[PDB]
Amino acid sequence: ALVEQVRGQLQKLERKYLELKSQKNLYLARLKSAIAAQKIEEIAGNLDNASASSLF
Amino acid sequence: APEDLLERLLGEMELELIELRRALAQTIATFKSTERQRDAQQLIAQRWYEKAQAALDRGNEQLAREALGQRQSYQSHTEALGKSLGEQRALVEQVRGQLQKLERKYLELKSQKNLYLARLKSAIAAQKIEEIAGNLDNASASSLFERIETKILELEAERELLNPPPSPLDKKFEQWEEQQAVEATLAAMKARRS
């Protein structure tokens, strides 16, 4: 009984690991995307023609 | 670490399964020495027995009397040693039983040490996966994944005030006008090109 139960733990845990690793890629990708989208809209805000100390 | 004692304590016990092994050797050695002494005594008595077996023949019982009288001194020694040898036999057998009983109990203990250590090293390991998972578990309990998600929420939201989304009023026409911007052009087309 001991050998079978402990193997079940490893089988259950191993599956849960690769599932977590998959999500890490998605969250990082969204983050690197979200940070990038901001500063275009900020650099555009610098040059936006909004009469808010815009260079243009 | 309590787990380390289990090895050292068993290490100490390997000293006596050999030390007690010496004690039995000495006891049996003494028994053989007593056995040898008894054999020598009876040989002298046998020689004096044979010497009286030479005397009493042919009519000289009187010299047999002295020889047997001399033999009695040697007979007394034989009896005393004889019973000691029998008594000492019990000691050697009983002590061996102790060693036989104890030796079996040792290897049985050593077998269990492997199992308990294995379960322990397993149990400690299973914990921290469930703890490191708890760090990353998505449970909103200071989980790293969680603060990432809301960090993303603020970036997108801060951009919205920086660049406001369209008002519903504008939304209504850019569909409402495009319908004729498509139909009116297409109403011309559906009239021009029908």
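Virtual Cβ from ideal backbone geometry, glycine too; neighbours counted across all protein chains shown. Just so you know, all these numbers are worked out from the coordinates, no wet-lab data involved.
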Residues of region A:13-23 satisfying the condition of being farther than 23 Å from residue B:121 by Cα and within 10 Å of chain B (Cβ to nearest Cβ):
A:20, A:23
Subset of region B:39-93, residues of a type in the set (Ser, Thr, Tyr) and within 21 Å of residue B:29 (Cβ to Cβ), comes to B:84
For region B:118-152, how many residues meet the condition of being within 10 Å of chain A (Cβ to nearest Cβ) and exposed (fewer than 11 other Cβ atoms within 10 Å of the Cβ)?
1
Search result, residues across region B:59-99 that are under 27 Å from residue B:18 (Cα atoms), touching a helix residue (DSSP H, G or I) at 6+ places or on another chain (Cβ under 9 Å) and not hydrophobic (A, V, I, L, M, F, W, C)
B:88, B:89, B:96, B:98
Mind listing just one residue for me: the one in region B:86-112 that is in contact (Cβ under 8 Å) with a residue 24 or more places away in the chain and among the aliphatic types (A, V, I, L, M) and, of those, nearest to residue B:5 (Cα to Cα)?
B:109
Out of all the residues in region B:35-58, which are part of a helix (DSSP H, G or I), farther than 30 Å from residue B:92 by Cβ and in contact with a helix residue (DSSP H, G or I) (Cβ under 6 Å, 6 or more places away or on another chain)?
B:48, B:51, B:52, B:55
Within region B:71-125, the residues that are of a type in the set (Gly, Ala, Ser) and either more than 30 Å from residue B:56 (Cβ to Cβ) or outside any helix (DSSP H, G or I) (or both) are B:84, B:86, B:90, B:97, B:111, B:118, B:122, B:123, B:125
Is at least one residue of region A:19-42 out of contact with any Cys (no Cβ under 9 Å at 6 or more places or on another chain), among the acidic types (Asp, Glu), surrounded by 10 or more Cβ atoms within 10 Å (Cβ to Cβ) and under 22 Å from residue B:158 (Cβ atoms)?
yes
Any chance region B:88-108 includes a residue that's among the hydroxyl-bearing types (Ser, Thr, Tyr) and surrounded by 13 or more Cβ atoms within 10 Å (Cβ to Cβ)?
yes
Looking only at region B:157-181, count every residue that is within 14 Å of chain A (Cβ to nearest Cβ) and assigned to a helix (DSSP H, G or I) and tell me the total.
6
Given the structure, is residue A:10 farther than 22 Å from residue B:155 by Cα, within 10 Å of chain B (Cβ to nearest Cβ), surrounded by 10 or more Cβ atoms within 10 Å (Cβ to Cβ) and under 32 Å from the mean Cα position of the chain (by Cα)?
yes
Residues that are of a type in the set (A, V, I, L, M) and surrounded by 11 or more Cβ atoms within 10 Å (Cβ to Cβ): does region B:165-179 have at least one?
no
Applying the selection to region B:71-85, what residues are exposed (fewer than 13 other Cβ atoms within 10 Å of the Cβ) and either in contact (Cβ under 8 Å) with a residue 12 or more places away in the chain or of a type in the set (S, T, N, Q) (or both)?
B:72, B:73, B:76
What are the residues in region A:24-47 that are at the interface with another protein chain (Cβ under 9 Å from one of its Cβ atoms), more than 19 Å from the chain's Cα centre (by Cα) and not hydrophobic (A, V, I, L, M, F, W, C), if any?
A:41, A:42, A:45
